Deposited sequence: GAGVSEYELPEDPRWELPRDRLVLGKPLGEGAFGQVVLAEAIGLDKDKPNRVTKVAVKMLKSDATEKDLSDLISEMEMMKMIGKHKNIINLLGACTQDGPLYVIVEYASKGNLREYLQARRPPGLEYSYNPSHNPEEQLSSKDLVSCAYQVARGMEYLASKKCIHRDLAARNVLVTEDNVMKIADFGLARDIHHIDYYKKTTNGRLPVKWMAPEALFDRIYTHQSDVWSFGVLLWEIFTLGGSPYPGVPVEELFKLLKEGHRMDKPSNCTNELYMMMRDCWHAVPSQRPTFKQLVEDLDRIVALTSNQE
């Protein structure tokens, strides 16, 4: 492949470590980058490295290269997983991205549920809304760069050591029965027009963002538990809408319902959700 000197890091500057994301995002490993910043060559940064598996096909390689090229195009934001570099020359392709040490948002929320399980950390109402605000800001950035996610879900949001929310897996462009690493059905986050008419827009990502809000306020709850694909289809045709979680305000439930508008044009934009969530954070108590 051609050397892009914007992004090239010498192979000997990368110390590869243990695997990370359960295989969900392909072969991803924790690594240490020496002198990632040309400005600071004696500093190590923990990073995530994506590479090809042993029995990888030509398409598999094509998908990895495509994903990296998209991330250069999309550019940098606080609330997305950012490209940091690549090892393209003289060995296997390595794509180097930001490391989020507290894992996906579903895991992060579940680990901070109140005791039954005795957790070491607990989240205020302000913390939950702040999570929602950060995802909305990342999505507003990606939409502004004309990027449609197509799988927005707490499982595709990663949390850093500093509790920053980062949208992942936005750079890649369908078996309705295939389940997640965790055993859930991705069709349960899809807008009806995406599910039935294969039409994917920023508006269908807002619908997914509605399901993600529901995941946040249930602290990593599973949408439509025990509902198979055929029954989900009937629920959507009948216009079913999930119940309001306990410990969720009328205002946040109405935001969820607005994200789930049957008419795509009538859903709020991510620009609108960022403004509304900004106001709500400032007015939400951190005392419980």
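Unmodelled regions of the deposited sequence, numbered from residue 1: 1 to 8, 125 to 132, 190 to 194.
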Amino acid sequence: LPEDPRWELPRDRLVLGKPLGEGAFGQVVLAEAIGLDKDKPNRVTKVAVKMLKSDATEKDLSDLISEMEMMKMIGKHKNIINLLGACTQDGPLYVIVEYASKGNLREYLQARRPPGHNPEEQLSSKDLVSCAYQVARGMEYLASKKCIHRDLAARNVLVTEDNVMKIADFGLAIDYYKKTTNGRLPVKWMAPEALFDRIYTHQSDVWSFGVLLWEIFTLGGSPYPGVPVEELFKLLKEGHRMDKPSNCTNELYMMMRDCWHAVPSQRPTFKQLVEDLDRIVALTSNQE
From here on, numbers count along this sequence of modelled residues.
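Basically, rigid core = biggest C-alpha set you can superpose within 1.5 Å across the two forms.
With each structure aligned by its rigid core, the stretch whose Cα atoms sit farther from this model in 7 other deposited structures of this protein, between 45 to 53 and 216 to 224, is 45 to 53.
Superposing the other copies on the rigid core and comparing 91 to 99 to 72 to 80, farther C-alpha placement in 7 other deposited structures of this protein marks 91 to 99.
For residue 117, the record comparison shows coordinates absent in at least a third of the other entries of this protein that model its neighbours. Checked against the other entries of this protein, residue 25 counts as unresolved in at least one third of those spanning it. A summary of the deposited B-factors shows that, of 209 to 217 and 174 to 182, the stretch with the larger mean C-alpha value is 174 to 182. Higher mean CA B-factor, judged across 88 to 96 and 123 to 131 from the recorded values: 88 to 96. When the C-alpha B factors of 56, 227, 255, 262 are read from the deposited coordinates, the top value falls at 56. Sorting 32, 231, 60, 251 by the CA temperature factor given in the entry leaves 60 at the top.
In the PDB entry, residue 13 places in the middle third of its chain by CA B-factor. Among all modelled residues in this chain, the alpha-carbon of residue 24 has a temperature factor (C-alpha) in the highest third. In the PDB entry, residue 36 places in the highest third of its chain by CA B-factor. Placement of the Cα temperature factor of residue 43 within the chain: highest third of the modelled residues, per the deposited record. When the modelled residues of the chain are ordered by C-alpha B-factor, residue 197 sits in the highest third.
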